[PDB]
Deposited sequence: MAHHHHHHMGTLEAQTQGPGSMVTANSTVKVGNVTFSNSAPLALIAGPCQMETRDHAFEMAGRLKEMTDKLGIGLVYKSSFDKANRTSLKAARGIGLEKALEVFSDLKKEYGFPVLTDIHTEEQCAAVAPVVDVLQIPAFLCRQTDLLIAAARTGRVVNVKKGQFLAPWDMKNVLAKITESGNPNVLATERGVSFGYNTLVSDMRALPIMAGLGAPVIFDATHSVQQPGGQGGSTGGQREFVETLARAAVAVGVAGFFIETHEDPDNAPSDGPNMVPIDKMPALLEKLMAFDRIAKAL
């Protein structure tokens, strides 16, 4: 019993609506860097008519919460977008909820029922990253922990499944399956390509997903991914983002008429 349209600040997520973007660097760095990344993402999405949710993690985990919340607060004041971050404990959900619009359950924690309930109880939008060890239908039971806990605003993010050793595959059937559960479906293009333990296939997977039909994309991006503090091999260079997004929007226009 999820909301099929999830509205967060100025952003609408729905399998029927134009694509929305969750984007940002993996890890929050300096305040300088945060404002540069968020400014560039806001400009390119403003021009395209794409809603933006700005993302960054503060726990490292495989800047710290206090500092990060200050930066997130100032970003929101300057740019007006909702923000997202990942949470790892019940105490972290309560601590970030005053500022952060969308709480994210990491893939490794997607089965941790008490964390799903704690996120749910904040009344924030909850994005659940589907674990690479889950099947698409398994998400019914995961998302239910949130919706049956009284929070109807859930997003389900596809991020690939384990395929042998050191390989993920993206089963495009996950998208209609999860959409059938009633929550907006988000496609994580950057983690879906990774070699557990690849950037050349981000566009490939993104094009496939948008044509199938998704509410949104989750794309990690950075100005110099090879030199980034975390997750660097996977992130799209920020200067390549406008071209990617323009392409995705062309397909989305067709996909969302059918």
{"property": "Ranges of the deposited sequence (numbered from 1) for which no C-alpha atom is modelled", "result": "1-23, 86-94, 230-237"}
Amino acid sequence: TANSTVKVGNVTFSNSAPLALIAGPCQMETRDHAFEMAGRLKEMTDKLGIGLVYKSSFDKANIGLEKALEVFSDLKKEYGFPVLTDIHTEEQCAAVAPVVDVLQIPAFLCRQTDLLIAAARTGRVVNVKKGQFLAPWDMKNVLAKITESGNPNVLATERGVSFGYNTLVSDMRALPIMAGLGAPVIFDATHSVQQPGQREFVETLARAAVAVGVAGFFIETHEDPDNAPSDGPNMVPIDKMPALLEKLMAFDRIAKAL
From here on, numbers count along this sequence of modelled residues.
query: Comparing 104-112 with 88-96, the one whose average Cα B-factor in the PDB entry is higher; finding: 88-96
query: Stretch with the greater mean C-alpha B-factor as recorded in the entry, comparing 5-13 against 19-27; finding: 5-13
query: Among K55, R199, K42, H222 - the residue whose C-alpha B-factor is largest in the record; finding: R199
query: Assigned third (lowest, middle, highest) for the C-alpha B factor of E203; finding: lowest
query: Chain-wide C-alpha B factor ranking for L168, given as lowest, middle or highest third; finding: lowest
query: CA B-factor placement of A211, once the chain's modelled residues are sorted into thirds; finding: lowest
query: Chain thirds of CA B-factor: placement of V154; finding: middle
query: Ranked C-alpha temperature factor of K130 among modelled chain residues, by third; finding: lowest
